[PDB]
Amino acid sequence: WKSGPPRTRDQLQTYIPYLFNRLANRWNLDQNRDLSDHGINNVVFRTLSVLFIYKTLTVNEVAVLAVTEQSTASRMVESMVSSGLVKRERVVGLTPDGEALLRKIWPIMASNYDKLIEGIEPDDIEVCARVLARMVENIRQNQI
Amino acid sequence: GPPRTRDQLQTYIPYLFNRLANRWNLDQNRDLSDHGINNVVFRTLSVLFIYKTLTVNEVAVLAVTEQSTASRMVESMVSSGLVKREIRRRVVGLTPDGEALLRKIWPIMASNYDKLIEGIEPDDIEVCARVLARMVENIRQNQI
């Protein structure tokens, strides 16, 4: 888009920053609504998810991988320790209750993901993910 | 079951579009701050550059902000000379000065976009955008 901003609706439909912003907003709103039933929010869920994958992380790494501000991540990790989902091993990990909670919330999350990908070929999903992953490599400030 | 491994997380589109949107928006706000602009004003200019007129609530959808934030920023943009109120409700239109400002500051965002798409082929950009646009159609609550 060297010569100028996207100018028509058809051009906007090809402008990836608009698309990932509109998507992230609606996905996160819907997810936060569903998570409210469990008394947690997106940041807590994303923290459970990345601790499930990595087992232990520092609070700084949680902030990066769960995509939240460092100050918000430290306060939320303390909240999650108080509520028995995370333990302090500055590295933290899941408690059994934290893993159980992730497991119990995943059916609804999987249903939301199924709706997200309706009408999209698996090969196109793979190309889209490869593109977005390289974009993350291009602009991330933290190399994790 | 949730993404369980690092490789799975690296291919998980909701993680990717959240991490991307966060860093892109933070960078954009930082780079625009020197020009007295924020994310919402810039994205409002950007979508009125396409549509010319929109209601405030439509601006909130397409510029991806809260309705209340959009209303306050639109009023600021009236004082900035960048939009004008029109006569169904809360209609605003881009002024020639608003168009000129967007064209003037665009090279900053074009630079950021060039960084974003480094190492990504045009055909893969096209596939990525088509996937994300269908995802928007699948989950959007507003039919704009």
Side-chain angles (χ1 to χ4, degrees), chain A residues 15-32 35 40-55 57-74 76-77 92 102 106 109-110 112-113 116-117 120 125-144, chain B residues 2-31 39 43 64-65 109 112-120 124-125 127-129 131-133 135-136 139:
Chain A
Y15 188 59
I16 287 169
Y18 158 71
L19 295 167
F20 61 58
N21 255 313
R22 174 119 187 233
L23 273 176
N25 179 65
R26 174 52 57 197
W27 175 264
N28 288 342
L29 285 167
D30 289 351
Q31 187 170 272
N32 223 28
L35 294 167
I40 69 166
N41 59 15
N42 282 322
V43 169
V44 170
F45 162 72
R46 294 201 293 260
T47 297
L48 294 175
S49 301
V50 302
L51 290 172
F52 187 65
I53 291 164
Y54 285 88
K55 186 73 179 177
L57 292 167
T58 70
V59 167
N60 291 340
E61 292 167 332
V62 164
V64 175
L65 292 166
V67 194
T68 189
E69 311 77 61
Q70 201 280 341
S71 306
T72 299
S74 74
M76 286 318 257
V77 165
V92 298
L102 186 56
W106 191 254
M109 307 282 86
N112 292 344
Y113 180 79
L116 179 77
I117 64 166
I120 307 174
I125 295 285
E126 177 171 18
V127 177
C128 177
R130 288 173 39 240
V131 172
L132 297 179
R134 174 64 199 251
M135 290 183 168
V136 170
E137 286 177 316
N138 284 338
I139 71 174
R140 66 185 177 184
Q141 294 188 339
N142 298 278
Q143 294 299 320
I144 55 159
Chain B
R4 172 58 153 166
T5 66
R6 186 158 325 164
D7 288 345
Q8 288 161 29
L9 183 61
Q10 193 55 211
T11 71
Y12 186 57
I13 286 169
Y15 161 69
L16 296 173
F17 61 57
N18 253 302
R19 181 125 182 233
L20 272 178
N22 182 67
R23 178 50 60 199
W24 175 266
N25 293 339
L26 285 170
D27 286 352
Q28 183 176 266
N29 222 50
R30 173 202 69 206
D31 293 341
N39 271 326
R43 294 199 298 250
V64 195
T65 189
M109 297 312 308
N112 288 9
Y113 182 81
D114 286 334
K115 185 161 202 224
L116 180 75
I117 67 159
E118 185 189 306
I120 300 166
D124 289 337
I125 293 282
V127 170
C128 184
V131 169
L132 296 178
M135 290 182 168
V136 167
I139 73 172

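Side-chain atoms are counted along with the backbone in the values below, which use heavy atoms only and exclude waters and symmetry mates. In what follows, chains carry the letters A, B, and so on, assigned in the order in which the sequence lines appear, proteins first and then strands, with residues in each chain numbered from 1.
- If you check the side chains of B/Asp27 and B/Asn112, you find no donor sitting under 3.5 Å from an acceptor.
- In this structure, A/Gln70 and A/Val59 have side chains that are in contact, with non-hydrogen atoms separated by less than 4.5 Å.
- Between A/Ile144 and A/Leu65 there is a side-chain heavy-atom pair separated by less than 4.5 Å.
- The two atoms that bring B/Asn29 and B/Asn39 nearest to each other are OD1-N, 2.8 Å, heavy atoms only.
- When side chains are defined from C-beta on, B/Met109 counts as touching B/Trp24, because their heavy atoms get closer than 4.5 Å.
- The closest side-chain heavy-atom distance from A/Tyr54 to B/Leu9 is below 4.5 Å.
- Counting heavy atoms from C-beta outward, A/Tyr113 and A/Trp106 have side chains that stay 4.5 Å or more apart.
- With rounding to the nearest 0.5 angstrom, the CZ atom of B/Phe17 is 10.5 Å from the CG atom of A/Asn25.
- Between A/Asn142 and B/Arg19, the shortest heavy-atom contact is O-NH2, 3.1 Å.
- Side-chain contact between A/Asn28 and A/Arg46: present, with at least one pair of heavy atoms (C-beta onward) separated by less than 4.5 Å.
- Between B/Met135 and A/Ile125, the closest side-chain pair of non-hydrogen atoms falls below 4.5 Å.
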List the steps, then state whether side chain to side chain contact (heavy atoms under 4.5 Å, CB included) holds for A/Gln141 with B/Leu26. CA-CA 11 Å; A/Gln141 294 188 339; B/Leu26 285 170; over 6 Å; no
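- A/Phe45 approaches A/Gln31 most closely through the heavy-atom pair CD2-NE2, 3.4 Å.
- Between A/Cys128 and B/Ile13, the closest heavy-atom pair is SG-CD1, 3.9 Å.
- In plain terms, the two heavy atoms of A/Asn138 and B/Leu116 that are nearest each other are ND2-O, 2.9 Å.
- To the nearest 0.5 Å, atom CG of residue B/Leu16 and atom CZ of residue A/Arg130 are 12.5 Å apart.
- Closest non-hydrogen pair, B/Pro3 versus A/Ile53, comes out as O-CG1, 3.3 Å.
- Residues B/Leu20 and A/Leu132 meet the side-chain proximity criterion, which asks for heavy atoms closer than 4.5 Å.
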